[PDB]
Amino acid sequence: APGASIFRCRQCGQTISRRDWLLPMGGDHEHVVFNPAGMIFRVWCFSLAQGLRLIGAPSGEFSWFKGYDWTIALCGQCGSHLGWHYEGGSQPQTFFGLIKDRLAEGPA
Ligand SMILES: O=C1CC[C@H](Sc2ccccc2)C(=O)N1
Ligand SMILES: [Zn+2]
């Protein structure tokens, strides 16, 4: 009976990811970053996620991860901005960077 297995959208409960799917990019699953508007994000990298809606086409502009282009990832249910999908890179080609305080962790 693990209580810390699944990540859900904090705003609505949509199923998003799993602790088992955390990915240590450059040796750490956690990356703390700022956007050009100075907003700080505590980003957890995941190999896999579900329940999102990826908006638009990828952009390399101000990518926090060398070699990757990003797309905005909304909660597919409620539209909350949960993070970004990264693509176009190498080892791995793709991953998700999700904003940890916009998720809730809980049982399977
Ligand atoms: O890797 C990323 C994801 C998107 C954000 S936000 C951004 C806003 C305007 C232009 C370019 C990026 C960022 O800075 N870096
Ligand atoms: Zn949601």
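Bear in mind that the values in this text are calculations on the coordinates, not laboratory data. Neighbour counts are summed over all protein chains in view; Cβ atoms, including those assigned to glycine, are modelled from backbone coordinates with ideal geometry.
Tabulated data
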| quantity | calculated |
| --- | --- |
| Label-point gap, in nm, between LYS66 and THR15 - each point 7 angstrom along Cα→Cβ | 3.7 |
| Placed amide H near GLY83: partners under 5 Å, 5+ positions off or other chain | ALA73, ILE99 |
| Amide proton proximity set for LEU103, modelled H, under 5 Å, gap of 5+ | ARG10 |
| Net charge dipole size for the chain [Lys, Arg +1 and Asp, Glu -1 on Cβ; Debye, nearest 20] | 280 |
| Difference of contour (0.36 nm per residue) and Cα-Cα distance, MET39 to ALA4 | 9.8 nm |
| Cα→Cβ-extended label distance, 7 Å offset, between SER90 and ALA57, nm | 2.5 |
| Unpartnered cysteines - no second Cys beta carbon under 4.7 Å - across the chain | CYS45 |
| Highest-first arrangement of 55-65, 4-14, where packing means the average Cβ count within 10 Å | 4-14, 55-65 |
| Distance (nanometres) between label positions extended 7 Å along Cα→Cβ at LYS100 and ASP28 | 1.0 |
| Value of Rg to Rh for region 4-108 (Rh from inverse mean 1/r over Cα pairs, i.e. Kirkwood) | 0.93 |
